[PDB]
Each structure stands twice: as structure tokens, then as C-alpha cells.
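One chain follows as C-alpha cells, the form deposited without acetyl coenzyme *A (ACO).
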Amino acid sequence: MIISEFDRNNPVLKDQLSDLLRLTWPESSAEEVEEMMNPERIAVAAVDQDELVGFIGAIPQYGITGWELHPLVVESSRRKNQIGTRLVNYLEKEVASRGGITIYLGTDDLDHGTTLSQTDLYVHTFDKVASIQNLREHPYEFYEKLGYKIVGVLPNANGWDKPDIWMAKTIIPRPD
């Protein structure tokens, strides 16, 4: 398996990304893939032989300092979590290379995956954020293991008690 910057001129590789996004989330695909091919963004591919098994992207939202991690998609396979970890690490390195400081992301709790759903998050917001528990292997803990910290929540974002969890990580050393 090789991790490299996504070659945006391999059309079948792009269509592989578009099938991957088609199959992981039924909620089509070519339009969003073309948004992910913006030269403004960072696009990283994880390729085994000529098969695309992983893709990760980042959007510069705050100049060059703040980047949003979107999306991360890995074919359901063996070592899925390892490919995802490697892609995250490579993306952090790319963002640092361009003068980036922090990567942040939103991961939704749509079906009671965490203890932040099914509760009124405006009451003791940060006490509930600090005491979060993973109820159904929600991906938030995946990023928590890679150094990302929950720094915010959007109450009722996707419907009542279906919030978005905001996680961030500063990927370069603090100046001293």
C-alpha cells in the first residue's frame, strides 16, 4: 500500500473515489468528488496496486493556518483502521508543510453513537463533553486516539439530539 497525494488527472482513480463515497454513504458522487478536486484543497490517496482503498482531504478554512479534515473514506477491509491512521498522519504532515497549525473536523452522532446525543447539550455543555462515552464505536474516538480533542458541539445540528461533534488538533509545536 502506498500513500501519496491524490493524482487529480487519473479519471478512473477519481471514479474509484466516487464509487467509494457512493457505497459508504448512500446520501451524487461525481459532483462532490469534483469539489474535493479543488486545487485549493489537499487530496491524499491510499492505493494498493492500482486499487484506491483510501482517501482523505482537507479544506483550508482559516487562511493557511486552519484546515478542516474532510473527508476520510476507507474501503471496508482488513486493516481499515490502520489505513485510516496512516492517511491522517500523512495529511497532518502535508498541512504542516504548507504552514498549517490546526486540523479540525466534524463527526455527527446521528444514531445514538455517543452520550452527547439524546440529551439537551445546552445544559452543562462542557461537563457532558468532558464525560463523553463511546456507545456504538463512534468514529470520534478514532480521532481521539490520534490526538484530536473534542473542542465543541453543535446541538440539534442534524435534528433533535443529533449533534455534530467538533474535534481539533494542533499539528505543529507551540512556539517557545
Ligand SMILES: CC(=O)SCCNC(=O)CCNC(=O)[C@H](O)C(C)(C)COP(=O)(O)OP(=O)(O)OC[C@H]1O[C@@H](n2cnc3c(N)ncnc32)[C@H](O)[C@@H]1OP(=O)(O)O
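Start at 1 with the first residue shown and count on from there.
The modelled chain breaks between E27 and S28, where 4 to 9 residues of the deposited sequence lack coordinates. Across the two stretches, 165-173 and 4-12, the PDB entry reports the greater mean Cα temperature factor for 4-12. For the segment pair 17-25 and 148-156, the entry gives 17-25 the higher mean B-factor, averaged over Cα atoms. As recorded in the entry, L52 carries the highest CA temperature factor of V129, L52, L135, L110. The residue among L121, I64, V47, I42 whose C-alpha atom has the highest B-factor in the PDB entry is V47. Ranked by C-alpha B-factor against the other modelled residues of its chain, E68 falls in the lowest third. The entry lists a Cα temperature factor for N89 that places it in the middle third of the chain's modelled residues.
Per the PDB record, residue ranking by Cα B-factor puts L116 in the middle third of the chain. Annotation for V33: CA B-factor lies in the highest third of the chain's modelled residues.
Omitted here: the form deposited with acetyl coenzyme *A (ACO) bound. The next part is about that form.
Placed here by superposing the C-alphas around the site, acetyl coenzyme *A (ACO) (as posed in the deposited complex) has at least 3 atoms within 2.4 Å of backbone or C-beta atoms: blocked pocket. Taking the partner from elsewhere, every residue among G84, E137 and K145 has a non-hydrogen atom within 4.5 angstroms of acetyl coenzyme *A (ACO) in the deposited complex. Segments offered: 28-36, 129-137, 59-67, 41-49. Contacting acetyl coenzyme *A (ACO) in the deposited complex at heavy atom distances within 4.5 Å is 129-137. Acetyl coenzyme *A (ACO) in the deposited complex comes within 4.5 Å of no heavy atom belonging to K93. In the deposited complex, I103 stays away from acetyl coenzyme *A (ACO), with no heavy atom inside 4.5 Å. Not displayed here, acetyl coenzyme *A (ACO) is kept clear of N9 by more than 4.5 Å at the level of heavy atoms in the deposited complex.
Though the partner is left out of this view, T24 does reach within 4.5 Å of acetyl coenzyme *A (ACO) in the deposited complex, counting heavy atoms only. Taking a 4.5 Å heavy atom cutoff to acetyl coenzyme *A (ACO) in the deposited complex, the contacting residues in 71-85 are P71, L72, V73, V74, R79, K80, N81, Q82, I83, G84, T85.
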